[PDB]
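What's in coords15.pdb: PDB, C-alpha atoms and all ligand atoms
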```pdb
ATOM      1  CA  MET A 628      10.763  -8.034 -19.439
ATOM      2  CA  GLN A 629      13.502  -9.104 -17.005
ATOM      3  CA  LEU A 630      12.688  -9.990 -13.418
ATOM      4  CA  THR A 631      15.473  -8.263 -11.505
ATOM      5  CA  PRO A 632      14.994  -4.688 -12.837
ATOM      6  CA  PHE A 633      11.266  -4.996 -12.249
ATOM      7  CA  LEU A 634      11.742  -5.978  -8.605
ATOM      8  CA  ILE A 635      14.222  -3.139  -8.153
ATOM      9  CA  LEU A 636      11.577  -0.744  -9.455
ATOM     10  CA  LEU A 637       8.897  -2.183  -7.171
ATOM     11  CA  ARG A 638      11.254  -1.875  -4.186
ATOM     12  CA  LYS A 639      11.935   1.770  -4.993
ATOM     13  CA  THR A 640       8.226   2.443  -5.566
ATOM     14  CA  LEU A 641       7.297   0.829  -2.267
ATOM     15  CA  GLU A 642       9.852   2.974  -0.456
ATOM     16  CA  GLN A 643       8.377   6.086  -2.131
ATOM     17  CA  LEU A 644       4.863   5.077  -1.064
ATOM     18  CA  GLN A 645       5.991   4.457   2.527
ATOM     19  CA  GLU A 646       7.586   7.893   2.568
ATOM     20  CA  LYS A 647       4.140   9.397   1.855
ATOM     21  CA  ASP A 648       2.774   7.706   5.003
ATOM     22  CA  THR A 649       4.431  10.201   7.260
ATOM     23  CA  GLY A 650       2.648   9.001  10.420
ATOM     24  CA  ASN A 651       3.622   5.397   9.706
ATOM     25  CA  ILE A 652       0.008   4.374  10.281
ATOM     26  CA  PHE A 653       0.169   2.003   7.290
ATOM     27  CA  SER A 654       3.657   0.581   7.986
ATOM     28  CA  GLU A 655       2.554  -2.525   9.887
ATOM     29  CA  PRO A 656      -0.715  -4.440  10.151
ATOM     30  CA  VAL A 657      -3.598  -2.786  11.947
ATOM     31  CA  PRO A 658      -3.243  -4.249  15.490
ATOM     32  CA  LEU A 659      -6.210  -6.625  15.565
ATOM     33  CA  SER A 660      -5.757  -7.110  19.314
ATOM     34  CA  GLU A 661      -6.683  -3.445  19.846
ATOM     35  CA  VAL A 662      -9.376  -3.294  17.128
ATOM     36  CA  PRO A 663     -11.541  -6.366  17.785
ATOM     37  CA  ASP A 664     -14.211  -5.391  15.238
ATOM     38  CA  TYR A 665     -11.747  -4.641  12.439
ATOM     39  CA  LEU A 666     -12.415  -7.867  10.521
ATOM     40  CA  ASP A 667     -16.210  -7.556  10.741
ATOM     41  CA  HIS A 668     -16.189  -5.663   7.417
ATOM     42  CA  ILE A 669     -12.516  -5.743   6.326
ATOM     43  CA  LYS A 670     -12.009  -8.844   4.163
ATOM     44  CA  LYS A 671      -8.247  -8.571   3.552
ATOM     45  CA  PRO A 672      -6.069  -6.362   5.761
ATOM     46  CA  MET A 673      -3.009  -4.893   4.079
ATOM     47  CA  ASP A 674      -0.040  -2.760   5.086
ATOM     48  CA  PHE A 675       3.376  -1.831   3.704
ATOM     49  CA  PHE A 676       5.317  -4.393   5.781
ATOM     50  CA  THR A 677       3.159  -7.184   4.371
ATOM     51  CA  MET A 678       3.685  -5.702   0.908
ATOM     52  CA  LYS A 679       7.455  -5.841   1.405
ATOM     53  CA  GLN A 680       7.178  -9.492   2.429
ATOM     54  CA  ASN A 681       5.084 -10.252  -0.643
ATOM     55  CA  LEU A 682       7.535  -8.428  -2.910
ATOM     56  CA  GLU A 683      10.486 -10.419  -1.564
ATOM     57  CA  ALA A 684       8.511 -13.672  -1.886
ATOM     58  CA  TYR A 685       8.067 -13.002  -5.632
ATOM     59  CA  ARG A 686       4.334 -12.530  -5.220
ATOM     60  CA  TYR A 687       4.270  -9.348  -7.358
ATOM     61  CA  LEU A 688       5.183 -10.159 -10.957
ATOM     62  CA  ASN A 689       3.235  -7.360 -12.623
ATOM     63  CA  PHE A 690       2.407  -3.831 -11.675
ATOM     64  CA  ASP A 691      -1.302  -4.445 -11.187
ATOM     65  CA  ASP A 692      -0.797  -6.983  -8.415
ATOM     66  CA  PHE A 693       1.404  -4.537  -6.546
ATOM     67  CA  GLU A 694      -1.075  -1.687  -7.089
ATOM     68  CA  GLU A 695      -4.005  -3.869  -5.974
ATOM     69  CA  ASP A 696      -2.438  -4.337  -2.525
ATOM     70  CA  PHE A 697      -1.634  -0.624  -2.217
ATOM     71  CA  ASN A 698      -5.264   0.123  -3.086
ATOM     72  CA  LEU A 699      -6.359  -2.205  -0.252
ATOM     73  CA  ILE A 700      -4.348  -0.186   2.281
ATOM     74  CA  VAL A 701      -6.300   2.878   1.176
ATOM     75  CA  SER A 702      -9.722   1.309   0.733
ATOM     76  CA  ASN A 703      -9.624  -0.590   4.040
ATOM     77  CA  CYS A 704      -8.869   2.627   5.910
ATOM     78  CA  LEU A 705     -11.602   4.575   4.109
ATOM     79  CA  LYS A 706     -14.056   1.774   4.890
ATOM     80  CA  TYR A 707     -13.289   1.313   8.585
ATOM     81  CA  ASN A 708     -12.829   4.927   9.687
ATOM     82  CA  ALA A 709     -15.420   7.691   9.785
ATOM     83  CA  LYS A 710     -14.965  10.571   7.338
ATOM     84  CA  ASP A 711     -14.262  13.085  10.114
ATOM     85  CA  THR A 712     -11.132  11.266  11.347
ATOM     86  CA  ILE A 713      -7.442  11.785  10.821
ATOM     87  CA  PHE A 714      -7.189   8.232   9.531
ATOM     88  CA  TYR A 715      -9.830   8.700   6.806
ATOM     89  CA  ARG A 716      -8.123  11.907   5.607
ATOM     90  CA  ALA A 717      -4.724  10.222   5.759
ATOM     91  CA  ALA A 718      -6.013   7.523   3.427
ATOM     92  CA  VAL A 719      -7.318  10.174   1.013
ATOM     93  CA  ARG A 720      -3.925  11.883   1.062
ATOM     94  CA  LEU A 721      -2.162   8.576   0.452
ATOM     95  CA  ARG A 722      -4.488   7.797  -2.443
ATOM     96  CA  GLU A 723      -3.619  11.111  -4.064
ATOM     97  CA  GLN A 724       0.099  11.233  -3.312
ATOM     98  CA  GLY A 725       0.630   7.505  -3.832
ATOM     99  CA  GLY A 726      -1.369   7.542  -7.060
ATOM    100  CA  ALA A 727       1.182   9.981  -8.458
ATOM    101  CA  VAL A 728       4.063   7.760  -7.341
ATOM    102  CA  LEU A 729       2.425   4.765  -9.027
ATOM    103  CA  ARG A 730       1.739   6.493 -12.347
ATOM    104  CA  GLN A 731       5.388   7.522 -12.566
ATOM    105  CA  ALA A 732       6.560   3.996 -11.730
ATOM    106  CA  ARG A 733       4.239   2.440 -14.289
ATOM    107  CA  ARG A 734       5.732   4.718 -16.936
ATOM    108  CA  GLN A 735       9.198   3.484 -15.875
ATOM    109  CA  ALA A 736       7.957  -0.143 -16.060
ATOM    110  CA  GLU A 737       6.497   0.396 -19.528
ATOM    111  CA  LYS A 738       9.877   1.611 -20.853
ATOM    112  CA  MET A 739      11.506  -1.710 -19.825
TER     113      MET A 739
HETATM  114  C1  LIG B 801      -8.325   1.331  11.967
HETATM  115  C2  LIG B 801      -7.137   1.823  11.092
HETATM  116  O1  LIG B 801      -7.346   2.126   9.998
HETATM  117  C3  LIG B 801      -5.740   1.851  11.648
HETATM  118  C4  LIG B 801      -4.617   2.119  10.859
HETATM  119  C5  LIG B 801      -4.533   2.436   9.399
HETATM  120  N1  LIG B 801      -3.517   2.048  11.644
HETATM  121  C6  LIG B 801      -3.852   1.754  12.901
HETATM  122  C7  LIG B 801      -2.849   1.609  14.103
HETATM  123  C8  LIG B 801      -1.407   1.513  14.084
HETATM  124  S1  LIG B 801      -0.874   1.360  15.598
HETATM  125  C9  LIG B 801      -2.298   1.427  16.381
HETATM  126  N2  LIG B 801      -2.506   1.337  17.833
HETATM  127  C10 LIG B 801      -1.414   1.338  18.889
HETATM  128  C11 LIG B 801      -1.721   2.326  19.986
HETATM  129  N3  LIG B 801      -3.086   2.186  20.502
HETATM  130  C12 LIG B 801      -4.089   2.305  19.499
HETATM  131  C13 LIG B 801      -3.899   1.259  18.406
HETATM  132  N4  LIG B 801      -3.337   1.573  15.480
HETATM  133  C14 LIG B 801      -5.272   1.612  12.942
HETATM  134  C15 LIG B 801      -6.103   1.261  14.272
HETATM  135  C16 LIG B 801      -6.588   2.522  14.921
HETATM  136  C17 LIG B 801      -7.677   2.288  16.014
HETATM  137  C18 LIG B 801      -7.032   1.722  17.253
HETATM  138  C19 LIG B 801      -8.378   3.654  16.329
END
```

Target format C-alpha cells, applied to this file:
Amino acid sequence: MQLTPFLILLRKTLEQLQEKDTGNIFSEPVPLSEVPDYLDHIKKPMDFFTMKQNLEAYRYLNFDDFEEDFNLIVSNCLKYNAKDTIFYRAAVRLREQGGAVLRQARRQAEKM
C-alpha cells in the first residue's frame, strides 16, 4: 500500500489510544529520576510521546510494529506495578479499550 495514508491512519490511531489514557500516565516516559528501580526489570520503556517520535521518524511501516510498542506500554505497567494499584488497573483498562481501537484500525489498514 501507499505510505502517506498509512501514516495518517497511524496518527489517528495513536491519538485515539492517547485519548483512552485519561490520566495521561502513559503520555511521556516514566520519570526514571523518580523511579530508580524502574529499569531493574523493565527492558524497554515505552510511552505515547516516544511512539509519536517513532511514527514521525518512519519507524512504523506496518501495523504490528506500532502495536508492539503499544503493547509495551501496557505490559511494562502491569509488570512494574502491584495488582492492587491504580496504575495496574489503568493498564488493564488501556489494554481493553486500546485493543478495540487497534482492531478497528487494522480493519481500516486491511482495506487499503
Ligand atoms: C511506574 C509506572 O508505571 C508509571 C507510569 C505508567 N507513569 C508514571 C508517572 C508519570 S509522572 C510520575 N511522577 C511525577 C510526580 N511524582 C511521582 C512520579 N510518574 C509512573 C511512575 C509512578 C511511580 C512514581 C509510583

Once the PyMOL selection byres (((chain A and resi 738) around 12) and not hetatm) has been evaluated on this model, what residues remain selected, and can you format them as a PyMOL selection string?
chain A and resi 628-629+632-633+636+731-737+739

Within 7 Å of ligand LIG 801 (chain B), counting all atoms listed in the file, residues as a list in words: residues 652, 653, 657, 658, 661, 662, 665, 703, 704, 707, 708 and 714 of chain A

Exercise. Residues picked by the PyMOL selection byres (((chain A and resi 672-676) around 10) and not hetatm) here, as a ChimeraX atom specification?
Worked result: /A:641-642,644-645,648,651-657,659,665-666,669-671,677-682,696-704

Take the residues from that selection and put them in a file with C-alpha atoms, as an mmCIF file, in the coordinates of the input.
```cif
data_model
loop_
_atom_site.group_PDB
_atom_site.id
_atom_site.type_symbol
_atom_site.label_atom_id
_atom_site.label_comp_id
_atom_site.auth_asym_id
_atom_site.auth_seq_id
_atom_site.Cartn_x
_atom_site.Cartn_y
_atom_site.Cartn_z
ATOM 1 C CA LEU A 641 7.297 0.829 -2.267
ATOM 2 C CA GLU A 642 9.852 2.974 -0.456
ATOM 3 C CA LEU A 644 4.863 5.077 -1.064
ATOM 4 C CA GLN A 645 5.991 4.457 2.527
ATOM 5 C CA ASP A 648 2.774 7.706 5.003
ATOM 6 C CA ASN A 651 3.622 5.397 9.706
ATOM 7 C CA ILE A 652 0.008 4.374 10.281
ATOM 8 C CA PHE A 653 0.169 2.003 7.290
ATOM 9 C CA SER A 654 3.657 0.581 7.986
ATOM 10 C CA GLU A 655 2.554 -2.525 9.887
ATOM 11 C CA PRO A 656 -0.715 -4.440 10.151
ATOM 12 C CA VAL A 657 -3.598 -2.786 11.947
ATOM 13 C CA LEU A 659 -6.210 -6.625 15.565
ATOM 14 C CA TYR A 665 -11.747 -4.641 12.439
ATOM 15 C CA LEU A 666 -12.415 -7.867 10.521
ATOM 16 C CA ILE A 669 -12.516 -5.743 6.326
ATOM 17 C CA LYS A 670 -12.009 -8.844 4.163
ATOM 18 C CA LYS A 671 -8.247 -8.571 3.552
ATOM 19 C CA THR A 677 3.159 -7.184 4.371
ATOM 20 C CA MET A 678 3.685 -5.702 0.908
ATOM 21 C CA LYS A 679 7.455 -5.841 1.405
ATOM 22 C CA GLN A 680 7.178 -9.492 2.429
ATOM 23 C CA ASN A 681 5.084 -10.252 -0.643
ATOM 24 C CA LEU A 682 7.535 -8.428 -2.910
ATOM 25 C CA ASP A 696 -2.438 -4.337 -2.525
ATOM 26 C CA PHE A 697 -1.634 -0.624 -2.217
ATOM 27 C CA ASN A 698 -5.264 0.123 -3.086
ATOM 28 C CA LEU A 699 -6.359 -2.205 -0.252
ATOM 29 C CA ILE A 700 -4.348 -0.186 2.281
ATOM 30 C CA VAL A 701 -6.300 2.878 1.176
ATOM 31 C CA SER A 702 -9.722 1.309 0.733
ATOM 32 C CA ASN A 703 -9.624 -0.590 4.040
ATOM 33 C CA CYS A 704 -8.869 2.627 5.910
#
```

Smallest atom-to-atom distance to residue 694 in chain A: which of A:639, A:668, A:730, A:647, using all atoms listed in the file?
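Between A:639, A:668, A:730, A:647, the residue approaching residue 694 in chain A most closely is A:730.
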
Could you work out an axis-aligned bounding box for all listed atoms of range 643-650 of chain A, with 4 Å added on each of the six sides, and give its centre and edge lengths in Å to one decimal, as AutoDock Vina command-line options?
```
--center_x 5.5 --center_y 7.3 --center_z 4.1 --size_x 13.7 --size_y 13.7 --size_z 20.6
```

As a check of understanding: the span from CA of residue 637 in chain A to CA of residue 692 in chain A is 10.9 Å

How far is it from CA of residue 705 in chain A to CA of residue 667 in chain A, in Å with one decimal?
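Pair CA of residue 705 in chain A / CA of residue 667 in chain A returns 14.6 Å.
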
- Item | Distance of CA of residue 729 in chain A from CA of residue 712 in chain A, expressed in Å to one decimal place |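 Taking CA of residue 712 in chain A as the start and CA of residue 729 in chain A as the end point, the length is 25.3 Å.
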
Any chance you could build range 665-686 of chain A out to N, CA, C and O atoms and write it as a compact mmCIF listing (two decimals), in the frame of the given file?
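Okay, this is what ended up in rebuild14.txt:
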```txt
# COMPACT_ATOMS: atom_id res chain seq x y z
N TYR A 665 -12.32 -5.05 13.72
CA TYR A 665 -11.75 -4.64 12.44
C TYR A 665 -12.16 -5.59 11.32
O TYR A 665 -12.52 -5.14 10.23
N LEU A 666 -12.14 -6.90 11.57
CA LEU A 666 -12.42 -7.87 10.52
C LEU A 666 -13.90 -8.08 10.27
O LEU A 666 -14.25 -8.88 9.39
N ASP A 667 -14.78 -7.39 10.99
CA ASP A 667 -16.21 -7.56 10.74
C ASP A 667 -16.56 -7.18 9.31
O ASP A 667 -17.41 -7.82 8.68
N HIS A 668 -15.92 -6.14 8.77
CA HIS A 668 -16.19 -5.66 7.42
C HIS A 668 -14.95 -5.55 6.54
O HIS A 668 -15.09 -5.23 5.36
N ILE A 669 -13.76 -5.79 7.09
CA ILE A 669 -12.52 -5.74 6.33
C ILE A 669 -12.14 -7.17 5.95
O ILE A 669 -11.74 -7.97 6.81
N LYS A 670 -12.21 -7.48 4.65
CA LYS A 670 -12.01 -8.84 4.16
C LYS A 670 -10.53 -9.23 4.14
O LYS A 670 -10.18 -10.38 4.44
N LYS A 671 -9.67 -8.29 3.77
CA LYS A 671 -8.25 -8.57 3.55
C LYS A 671 -7.45 -7.38 4.05
O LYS A 671 -7.23 -6.42 3.29
N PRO A 672 -6.98 -7.41 5.29
CA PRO A 672 -6.07 -6.36 5.76
C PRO A 672 -4.82 -6.29 4.90
O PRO A 672 -4.38 -7.29 4.33
N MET A 673 -4.26 -5.09 4.80
CA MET A 673 -3.01 -4.89 4.08
C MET A 673 -2.25 -3.73 4.69
O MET A 673 -2.84 -2.82 5.30
N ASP A 674 -0.93 -3.78 4.54
CA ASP A 674 -0.04 -2.76 5.09
C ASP A 674 1.28 -2.87 4.33
O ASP A 674 1.52 -3.86 3.64
N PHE A 675 2.14 -1.86 4.48
CA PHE A 675 3.38 -1.83 3.70
C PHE A 675 4.38 -2.91 4.13
O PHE A 675 5.18 -3.35 3.29
N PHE A 676 4.42 -3.30 5.40
CA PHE A 676 5.32 -4.39 5.78
C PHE A 676 4.92 -5.69 5.09
O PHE A 676 5.77 -6.40 4.51
N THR A 677 3.63 -6.02 5.11
CA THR A 677 3.16 -7.18 4.37
C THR A 677 3.48 -7.05 2.89
O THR A 677 3.83 -8.04 2.24
N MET A 678 3.34 -5.86 2.32
CA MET A 678 3.68 -5.70 0.91
C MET A 678 5.16 -6.00 0.66
O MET A 678 5.51 -6.63 -0.35
N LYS A 679 6.03 -5.56 1.56
CA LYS A 679 7.46 -5.84 1.40
C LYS A 679 7.71 -7.34 1.44
O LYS A 679 8.50 -7.87 0.65
N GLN A 680 7.05 -8.04 2.36
CA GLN A 680 7.18 -9.49 2.43
C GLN A 680 6.73 -10.13 1.13
O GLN A 680 7.40 -11.03 0.59
N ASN A 681 5.60 -9.68 0.59
CA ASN A 681 5.08 -10.25 -0.64
C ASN A 681 6.03 -9.99 -1.80
O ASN A 681 6.27 -10.87 -2.63
N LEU A 682 6.58 -8.78 -1.87
CA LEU A 682 7.54 -8.43 -2.91
C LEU A 682 8.73 -9.37 -2.88
O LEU A 682 9.15 -9.90 -3.92
N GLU A 683 9.28 -9.61 -1.70
CA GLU A 683 10.49 -10.42 -1.56
C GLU A 683 10.20 -11.91 -1.72
O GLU A 683 11.14 -12.69 -1.95
N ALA A 684 8.94 -12.31 -1.61
CA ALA A 684 8.51 -13.67 -1.89
C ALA A 684 8.09 -13.87 -3.34
O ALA A 684 7.55 -14.93 -3.68
N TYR A 685 8.35 -12.90 -4.20
CA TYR A 685 8.07 -13.00 -5.63
C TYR A 685 6.58 -13.11 -5.90
O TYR A 685 6.15 -13.72 -6.87
N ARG A 686 5.77 -12.49 -5.04
CA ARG A 686 4.33 -12.53 -5.22
C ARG A 686 3.83 -11.45 -6.16
O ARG A 686 2.69 -11.54 -6.60
```
